[PDB]
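Labels below follow one simple rule: chain letters A, B, ... track the order of the sequence lines, proteins then strands, and each chain is numbered from 1. We use all heavy atoms of the structure for the numbers below, so side chains are in, but hydrogens, waters and symmetry mates are not. Counting starts at 1 for both ligands and their atoms, following the listed order.
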Amino acid sequence: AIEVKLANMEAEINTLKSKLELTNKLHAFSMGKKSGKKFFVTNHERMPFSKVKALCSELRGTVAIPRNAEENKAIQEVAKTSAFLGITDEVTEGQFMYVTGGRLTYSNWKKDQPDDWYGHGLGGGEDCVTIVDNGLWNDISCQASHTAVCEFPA
Amino acid sequence: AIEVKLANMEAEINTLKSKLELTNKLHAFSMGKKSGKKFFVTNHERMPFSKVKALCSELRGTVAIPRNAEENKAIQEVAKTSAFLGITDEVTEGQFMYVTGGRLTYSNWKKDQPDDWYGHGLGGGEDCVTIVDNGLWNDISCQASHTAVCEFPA
Amino acid sequence: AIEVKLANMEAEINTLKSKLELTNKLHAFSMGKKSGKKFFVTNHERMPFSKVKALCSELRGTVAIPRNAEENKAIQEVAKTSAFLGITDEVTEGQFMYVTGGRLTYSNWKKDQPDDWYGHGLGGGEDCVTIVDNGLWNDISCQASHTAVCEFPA
Ligand SMILES: [Ca+2]
Ligand SMILES: [Ca+2]
Ligand SMILES: [Ca+2]
Ligand SMILES: [Ca+2]
Ligand SMILES: [Ca+2]
Ligand SMILES: [Ca+2]
Ligand SMILES: [Ca+2]
Ligand SMILES: [Ca+2]
Ligand SMILES: [Cl-]
Ligand SMILES: [Cl-]
């Protein structure tokens, strides 16, 4: 009994691991993940930047980051409306960095952006960035509520 | 050593349980579940009430129930058409009841509703309720087939 | 106490098996699987036939196969564009077989199809099959890239 039972349970566990792996692969496929390509997902909820970061982290992902023109379109395609990107200049004004560290390698800044505008009325300038429906970027208040779009690896 | 092996397997199972909880959260998210809000989902197949209860209960859910405005809205936006609500007046006509227990509070009936049209010839009167595209409710025979839309806790 | 821990472990694994089954049922439902019907899913990615086969097999599914008009409509609605079907005449030219075995029965060929056309330039004739926007079929090169649509049992 004992050792045989324990050995069986090891196989039961290993089997459940593979089944859950498959379940994850099937769910990623159903949500449009393309082979060897990172994928973006949203629940279409609007919330402040801090909450987006917290939510994506809780899903073991990150706030969507467009690294090139293709991903930028992929993100605008998933969001539909304005969405926060994992890029901010909170650490040093004027210097945008990825939430995952490092300076920008790609940008699609809209005409007259970024400007750290104060007139929004939420207080402070603008330290966060949103991708709008046309794919263009705009620095906005991290306090404002925009669509949460999480990114998961390729 | 048996005990060590056993402890290592307990740790594995705990990892699997966490991974499954994550799988569930990411799925809810991908299907639009909003933070702190009920989760409404549908496959679009229409069937009699008893079947919907059996189906949602198989998924550890309940037939949708719009307890307030936003919820009634969410349901009507996920249903796309006439879908059963978890409400019935089989204990006392006119006295609708949440299948989960409790007297009907919020409501969005249609004019001339409920009429309890006992005359369809398929099974008594109209003891069930369906929400339609316009969000309004109508009392319908529980024998009739309508869209299955389940709800899951916030 | 070894035996108590082993018995709790058995119960833990079963609870996990039960939870994963529910997760799979919920996912299929959210993906549009009707009761007692097989369901079709796509990530909307285009690739050669061998790739689609490999991908669906990895998910424990098979390349979509219409066995009647309803299923043909279901697949057509899911794909939204040209997609490979699990039907080919690669074993014996002119005779179409299902990838899971057996001679093709139900068909929905477009007028003048199949024609084993070589004029595409991809080399060889046309041994695979795509369902197009209107639901009609066309034999095509297995080397061409079409939408990956997988089928999972009822
Ligand atoms: Ca076993
Ligand atoms: Ca700034
Ligand atoms: Ca700005
Ligand atoms: Ca009644
Ligand atoms: Ca009525
Ligand atoms: Ca326990
Ligand atoms: Ca051929
Ligand atoms: Ca052809
Ligand atoms: Cl800010
Ligand atoms: Cl071919």
Side-chain angles (χ1 to χ4, degrees), chain B residues 48-50 52-53 63 65 82-99 102-105 107-132 136-146, chain C residues 46-54 63-65 82-99 101-105 107-132 136-148:
Chain B
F49 193 75
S50 61
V52 183
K53 282 191 295 187
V63 187
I65 287 179
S82 60
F84 280 116
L85 300 184
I87 312 158
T88 321
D89 66 311
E90 293 177 289
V91 182
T92 301
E93 293 293 324
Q95 297 284 211
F96 289 81
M97 301 292 260
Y98 287 132
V99 294
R103 287 187 295 188
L104 175 62
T105 43
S107 222
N108 195 23
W109 288 100
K110 174 175 294 203
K111 85 168 211 304
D112 287 321
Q113 296 306 311
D115 62 356
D116 188 57
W117 188 57
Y118 190 139
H120 42 84
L122 292 179
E126 299 178 337
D127 284 11
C128 280
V129 203
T130 46
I131 178 181
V132 290
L136 290 172
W137 309 4
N138 153 80
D139 68 328
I140 198 70
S141 175
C142 297
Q143 314 302 91
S145 296
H146 284 285
Chain C
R46 301 173 66 74
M47 59 188 77
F49 185 61
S50 60
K51 281 296 182 176
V52 183
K53 271 204 296 189
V63 184
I65 295 174
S82 66
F84 281 116
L85 298 185
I87 300 158
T88 75
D89 71 326
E90 57 194 348
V91 176
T92 308
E93 179 62 36
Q95 320 305 312
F96 288 83
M97 312 282 282
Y98 297 112
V99 298
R103 294 208 298 118
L104 177 67
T105 51
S107 65
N108 198 36
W109 297 114
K110 196 182 177 190
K111 177 169 152 286
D112 300 303
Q113 298 302 314
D115 63 348
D116 197 54
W117 189 57
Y118 202 117
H120 49 70
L122 291 169
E126 297 178 326
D127 291 351
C128 282
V129 183
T130 53
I131 178 177
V132 304
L136 295 176
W137 304 359
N138 172 43
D139 63 333
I140 194 71
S141 171
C142 297
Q143 268 61 57
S145 295
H146 297 275
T147 304

Asks: Apply side-chain hydrogen bond (donor to acceptor under 3.5 Å, both in side chains) to B/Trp109 and list each qualifying residue two or more places apart in sequence or on a separate chain.
Replies: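 B/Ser107.
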Asks: By residue and atom, what protein N/O/S atoms are less than 3.0 Å from the Ca ion (ligand 7)?
Replies: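 As for protein N, O or S atoms lying under 3.0 Å from the Ca ion (ligand 7), they are C/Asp89 OD1, C/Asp89 OD2, C/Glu93 OE1, C/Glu93 OE2, C/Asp116 OD1, C/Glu126 O, C/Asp127 OD1.
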Asks: Could you pull out all donor-acceptor pairs under 3.5 Å where a side-chain atom in residues 85-97 of chain C meets a protein atom, sequence neighbours excluded?
Replies:
unit_1	atom_1	unit_2	atom_2	d
C/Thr88	OG1	C/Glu90	OE2	3.3
C/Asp89	OD2	C/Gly94	N	2.8

Asks: For C/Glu126, is there any backbone N or O sitting under 3.5 Å from a side-chain donor or acceptor partner on C/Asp116?
Replies: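 Looks like yes, one N/O pair under 3.5 Å.
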Asks: Can you list the residues that meet the side-chain hydrogen bond (donor to acceptor under 3.5 Å, both in side chains) rule with C/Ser82, with sequence neighbours excluded?
Replies: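 So C/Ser82 forms a side-chain hydrogen bond (donor to acceptor under 3.5 Å, both in side chains) with C/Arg46, C/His146.
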Asks: May I ask you to test the C/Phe49-C/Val63 pair for a side-chain heavy-atom distance under 4.5 Å?
Replies: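 The answer is yes, as the side chains (C-beta and beyond) meet within the 4.5 Å cut-off.
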Asks: Between the side chains of B/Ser141 and B/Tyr118, is a donor N or O closer than 3.5 angstrom to an acceptor N or O?
Replies: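 No, B/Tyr118 and B/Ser141 have no side-chain donor paired with an acceptor closer than 3.5 Å.
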